[PDB]
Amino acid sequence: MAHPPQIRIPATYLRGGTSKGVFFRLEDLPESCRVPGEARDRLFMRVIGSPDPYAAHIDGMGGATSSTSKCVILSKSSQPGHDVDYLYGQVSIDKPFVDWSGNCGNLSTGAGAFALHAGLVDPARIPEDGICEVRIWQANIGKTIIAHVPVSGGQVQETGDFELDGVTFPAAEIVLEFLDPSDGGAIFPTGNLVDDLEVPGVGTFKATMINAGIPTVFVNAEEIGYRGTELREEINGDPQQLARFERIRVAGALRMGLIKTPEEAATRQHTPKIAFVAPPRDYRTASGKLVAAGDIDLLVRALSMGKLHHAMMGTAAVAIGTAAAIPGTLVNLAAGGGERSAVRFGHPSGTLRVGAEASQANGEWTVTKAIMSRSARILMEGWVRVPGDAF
């Protein structure tokens, strides 16, 4: 017949962190799609509803945003010491293209949960009640992610009271550890944990300039004239303040070797970031919610693209966690000094717990872990349908 029925493909549609994706077990895919290739790419384009000239994904599982135009394959890992191989495809909205070159750290959370819903983890590793350490081989980039997935009654504990910025409703916390994570080069491009940063016409300030997550210039709130508790309204409305921060950011860029000249910074607004830190202090948000000093290890405020950020940027959260873990940095010192392999920092809209491990050898630091918390949940499970001739 000219128009056979659609194919039904077992799938699970999950929220993983602040993204949605359609998840497949490798064995559930059509035979032609069980290796990488054009069939697989076509299949996922079609599941998602791409390429779409209307840019709306009305005819597929996509939501017409980068956060909602994603497919994931999990399989039992061939890689020693791992439970699952995790492959992530970013489906272009308007072009026929599936990009396999990246990772989605948000969908990693979903990979750990799905590994268990999918039956891909050795049951010797799954408690009746507790935590399952799901060992994920990120197959796109060749790196390990450990997802500590809570379990009740032998099944993933999905529900709970853990809040994640950008996730409307609270759910159960899944802690992720990115092992040996990888603008490359030295963690401390100046070779020092703290430098005297000269900012022409502004001052000379202590600063930690760190390349971890994202190149970031950190300074002490107090020294640059801030309390560390400031919210967006008291900064983002004063161009004089904002211009001053940019001067510090440019000075650090120069000192970090990210630009050769200060005018080069006009056209390099994304990195480095600029943030200021302080020891903990009670403060209230713009919303009205109180954060007590006892509840946090330090305060951090960061600017992105010339404005104070409302919470914290993802890669900058990694820079904080990394800097906190390395004793002697301004972030470490703000958090109390000594060992700080996990810290909870207060940002304008709430608090965030991050962590890191790092080691030293001939002055030279290596980051061995990035640690963060996210959540995941199943939205729908069953089968996706596509036309059989579409791939």
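Residues carry their position along the shown sequence, with the first being 1.
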Task: Residues of the deposited sequence left unbuilt between residue 241 and residue 240 - done: none
TODO: Please work out which of 24 to 32 and 362 to 370 has the higher mean CA B-factor as recorded in the PDB entry.
DONE: 362 to 370
Open item on the list: Averaging CA B factors per stretch from the PDB record, which one is higher: 263 to 271 or 247 to 255?
Closed with: 263 to 271
TODO: Have a look at 83, 165, 99, 196 and flag the one whose Cα has the highest B-factor in the entry.
DONE: 196
Task: Top residue by Cα temperature factor, when 157, 75, 204, 90 are compared in the entry - done: 204
TODO: Within this chain's modelled residues, let me know which third the CA B factor of residue 353 belongs to: lowest, middle or highest.
DONE: highest
TODO: Select lowest, middle or highest to describe the third in which the CA B-factor of residue 95 falls within its chain in this entry.
DONE: highest
TODO: Classify residue 307 as lowest, middle or highest third according to the C-alpha B-factor given in the PDB entry, relative to its own chain.
DONE: middle
- [ ] Sort the modelled residues of this chain by their C-alpha B factor and say whether residue 283 lands in the lowest, middle or highest third.
- [x] highest
Open item on the list: Quick check for you: using the entry's CA B-factors within this chain, is residue 319 in the lowest, middle or highest third?
Closed with: middle
